[PDB]
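Written out below as structure tokens is the structure these notes cover.
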Amino acid sequence: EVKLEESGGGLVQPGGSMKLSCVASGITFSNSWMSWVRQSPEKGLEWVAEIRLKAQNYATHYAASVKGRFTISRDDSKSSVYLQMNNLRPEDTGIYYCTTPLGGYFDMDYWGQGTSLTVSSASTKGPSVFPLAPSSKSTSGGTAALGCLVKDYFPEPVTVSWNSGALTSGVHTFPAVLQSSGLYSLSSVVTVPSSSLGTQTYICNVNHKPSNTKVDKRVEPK
Amino acid sequence: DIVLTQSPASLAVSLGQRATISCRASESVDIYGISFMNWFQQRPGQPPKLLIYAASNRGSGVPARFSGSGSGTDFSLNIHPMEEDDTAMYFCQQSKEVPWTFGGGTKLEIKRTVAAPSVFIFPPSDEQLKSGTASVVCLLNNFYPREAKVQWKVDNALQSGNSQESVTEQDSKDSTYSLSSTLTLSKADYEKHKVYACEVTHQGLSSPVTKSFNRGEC
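Heads up: the protein sequence lines correspond to chains G and B, in order.
The numbers in the first sequence follow this note's numbering, run straight up by one, and end at 873.
The numbers in the second sequence follow this note's numbering, run straight up by one, and end at 1038.
Here it is in structure tokens:
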């Protein structure tokens, strides 16, 4: 079975360097053109770099966005291709995939699961968690919404549960947005019976693995 | 570079009907009667999966409801009849010459009947205000289709540039979306004004809905 496996992603500051590695198994690697392709937080695909075969004098190609900052190389003896990335920029953030062959005529291809890179000047920081309190003005229909605003954390991701996982129906935890400050923010909301607002306790449980922090926030009528 | 114009960016199709995704190349991708256009499916968290190679050839094990056609500069991926696990991103990609280039992508979703949003507005918390910033949140819950106009007004002044929207993925059970719009102001700018309003226009509403509050009013 053919498999490609990427590694080496992580956090880095602008101007810094990282090296990605991709190991291939189950394929005659020395006969395969290898490329790196990245995917933006926006979820679009962008080819980065390619390296060809010894018979083609190991010809390399680079996207103009990365020329002079990235270097692709291979070690056929270890069935591996590498991407050395220097002078990194915020816009290099994304999931990086190793793939073959990408170009020419092929009836099958292979892609790794990818490795994540985040380029930012921000320091790791757990979120501030603020209540989105159910309104004191009545609803026409007897359902109330409330939530937690999970603000100013870095890097992604956070996870949010409600009442330690007992409350899951009606929960919407939004994708994060990167703010102009370089920190992320999202809200998690839930719809509940407005008649439970004086009886039922609501607590959002916000975990941020990168900072190894957990914050619980009780959300009450103001 | 060979630039690929993929259309539409967002496509909603009824289960059982045909989804057609198109790609126009800025120059021909043909060499000797072969058209070097590939199509990929991508599910969340997973790498791209080759569906169609060389314009019209189904990949091994790819279900028969996927097909590709085209030559020169004009190509389509057709999915018929659409099934629920076909909701995904799709991308065309030219393999004629380096640099290898991709279309901008199409997000294929399930079309369902119109559903109006329920709208809620949340003032900033007292805790956040003392920190020097104010976030005002407008929530649109469980609506379809995704298109909605959400307009912030502060003492009747139409806001622009100081809000961000976020949308959930389509719900697995009811096929609706929810959306947040968050208005960010300085504590100082927030305390300058009295009335905060979010106006929502959506096909499910016979009349756009305004939710509003007076700053500091319980």
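Idealized CB from N, CA, C, for every residue including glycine.
What does a CB cutoff of less than 6 angstroms around residue i pick up in its chain, not counting 5 residues either side in sequence?
i                       : result
residue 767 of chain G  : 660, 746
residue 1001 of chain B : 958, 970, 983, 985
residue 697 of chain G  : 689
residue 922 of chain B  : 911, 913
residue 821 of chain G  : 841, 842
residue 855 of chain B  : 849, 875, 891
residue 664 of chain G  : 772
residue 858 of chain B  : 873, 913, 915
residue 1023 of chain B : 934
residue 801 of chain G  : 778, 780, 809, 837, 857
Does the separation of the CB atoms of residue i and residue j fall below 8 angstroms?
i                       : j                      : result
residue 1014 of chain B : residue 949 of chain B : no
residue 806 of chain G  : residue 662 of chain G : yes
residue 895 of chain B  : residue 843 of chain B : yes
residue 888 of chain B  : residue 872 of chain B : yes
residue 956 of chain B  : residue 914 of chain B : no
residue 828 of chain G  : residue 859 of chain G : no
residue 723 of chain G  : residue 684 of chain G : no
residue 961 of chain B  : residue 796 of chain G : yes
residue 785 of chain G  : residue 848 of chain G : yes
residue 754 of chain G  : residue 918 of chain B : yes
residue 874 of chain G  : residue 692 of chain G : As shown, chain G starts at 652 and ends at 873. That puts residue 874 of chain G outside it, with no answer to give.
residue 870 of chain B  : residue 906 of chain B : no
residue 839 of chain B  : residue 899 of chain B : yes
residue 916 of chain B  : residue 851 of chain B : yes
residue 738 of chain G  : residue 720 of chain G : yes
residue 811 of chain G  : residue 839 of chain G : yes
residue 780 of chain G  : residue 868 of chain G : yes
residue 765 of chain G  : residue 883 of chain B : no
I'd like the list of long-range same chain contacts for residue i, defined as Cβ closer than 8 angstroms, with 5 residues on each side in sequence excluded.
i                      : result
residue 988 of chain B : 997, 998, 999
residue 776 of chain G : 803, 804, 805, 834, 862
residue 887 of chain G : In the structure as shown, chain G begins at 652 and stops at 873. Residue 887 of chain G is therefore absent and cannot be evaluated.
residue 926 of chain B : 826, 827, 828, 829, 830, 831, 841, 909, 910, 911
residue 787 of chain G : 872, 873
Within the same chain, show all residues whose beta-carbon is closer than 7 angstroms to that of residue i, passing over the 5 residues directly before and after it, in chain order.
i                       : result
residue 789 of chain G  : none
residue 717 of chain G  : 699, 700
residue 830 of chain G  : 836
residue 763 of chain G  : 655, 656, 657, 673, 748, 749
residue 1005 of chain B : 954, 982
residue 1021 of chain B : 968, 969, 1028
residue 773 of chain G  : 805, 833, 834
residue 880 of chain G  : Nothing about residue 880 of chain G can be read from this structure; chain G reaches only from 652 to 873.
How about residue i: is its C-beta nearer than 8 angstroms to some C-beta of chain A?
i                      : result
residue 802 of chain G : The displayed structure is made up of protein chains G and B, and chain A is not among them.
Residue i: which of the options sits nearest, CA to CA?
i                       : options                      : result
residue 826 of chain B  : B/924, B/991, B/1019, B/1003 : B/924
residue 843 of chain G  : G/852, G/815, G/794, G/808   : G/794
residue 799 of chain G  : G/853, G/753, G/757          : G/853
residue 713 of chain G  : G/772, G/702, G/753          : G/702
residue 729 of chain G  : G/865, G/818, G/681, G/668   : G/681
residue 873 of chain G  : B/944, B/893, B/1003         : B/944
residue 666 of chain G  : G/710, G/704, G/677, G/740   : G/740
residue 863 of chain B  : B/932, B/910, B/993, B/931   : B/910
residue 846 of chain G  : G/823, G/677, G/819, G/792   : G/792
residue 1060 of chain B : B/1035, B/857, B/995, B/828  : Because chain B in this structure spans residues 821 to 1038, residue 1060 of chain B falls outside the shown range and cannot be described.
residue 705 of chain G  : G/727, G/695, G/715, G/652   : G/727
residue 902 of chain B  : B/841, B/857, B/847, B/893   : B/841
residue 1025 of chain B : B/964, B/830, B/860          : B/964
residue 933 of chain B  : B/966, B/916, B/904          : B/966
residue 850 of chain G  : G/870, G/865, G/864, G/839   : G/870
residue 847 of chain B  : B/859, B/893, B/865, B/867   : B/893
residue 742 of chain G  : G/818, G/769, G/758          : G/769
residue 679 of chain G  : G/669, G/694, G/652          : G/652
residue 979 of chain B  : B/1018, B/991, B/947, B/952  : B/1018
residue 855 of chain G  : G/864, G/815, G/668          : G/815
residue 977 of chain B  : B/1016, B/1038, B/991        : B/1016
residue 1011 of chain B : B/865, B/1037, B/995, B/861  : B/1037
If contact is defined by three or more beta carbon pairs under 8 angstroms, each pair taking one atom from either stretch, is the region 828-837 of chain B in contact with the region 869-878 of chain B?
no
Positions along the region 808-819 of chain G whose CB lies within less than 8 angstroms of some CB in chain B
none
What residues in the region 944-978 of chain B have a beta carbon less than 9 angstroms from any beta carbon of chain G?
944, 945, 946, 947, 948, 951, 953, 955, 957, 959, 961, 962
For the structure I just gave you, are there three or more beta carbon pairs, one from the region 715-735 of chain G and one from the region 673-690 of chain G, closer than 8 angstroms?
yes
Are the region 1016-1034 of chain B and the region 939-946 of chain B touching by the rule of at least three beta carbon pairs closer than 8 angstroms?
yes
So if I threshold CB-CB distances at 7 angstroms, which residues from the region 747-762 of chain G count as touching chain B?
748, 753, 754, 755, 756, 757, 758, 759, 760, 762
Of the residues that make up the region 870-884 of chain B, which ones have a beta carbon closer than 8 angstroms to any beta carbon in chain G?
870, 873, 874, 877, 879, 880
Within 9 angstroms of chain B by C-beta, residues of the region 836-863 of chain G in sequence order:
836, 837, 838, 840, 842
Within 9 angstroms of chain G by C-beta, residues of the region 1000-1030 of chain B in sequence order:
1000, 1002, 1004
Under 7 angstroms (Cβ pairs) to chain B, residues found in the region 764-775 of chain G:
764, 765
Please list the residues of the region 835-854 of chain B that have a C-beta atom closer than 8 angstroms to any C-beta atom in chain G, keeping them in chain order.
854
Selection of the region 922-933 of chain B by Cβ proximity to chain G, strictly under 9 angstroms:
922, 923, 924, 925, 927
Select from the region 700-734 of chain G all residues with a C-beta closer than 7 angstroms to any C-beta belonging to chain B, and list them in chain order.
701, 712, 714
Could you run through the region 902-916 of chain B and flag, in chain order, every residue whose CB is less than 7 angstroms away from some CB of chain G?
909, 911, 915
Taking a cut of 8 angstroms between CB atoms, which residues from the region 669-687 of chain G lie near chain B?
686
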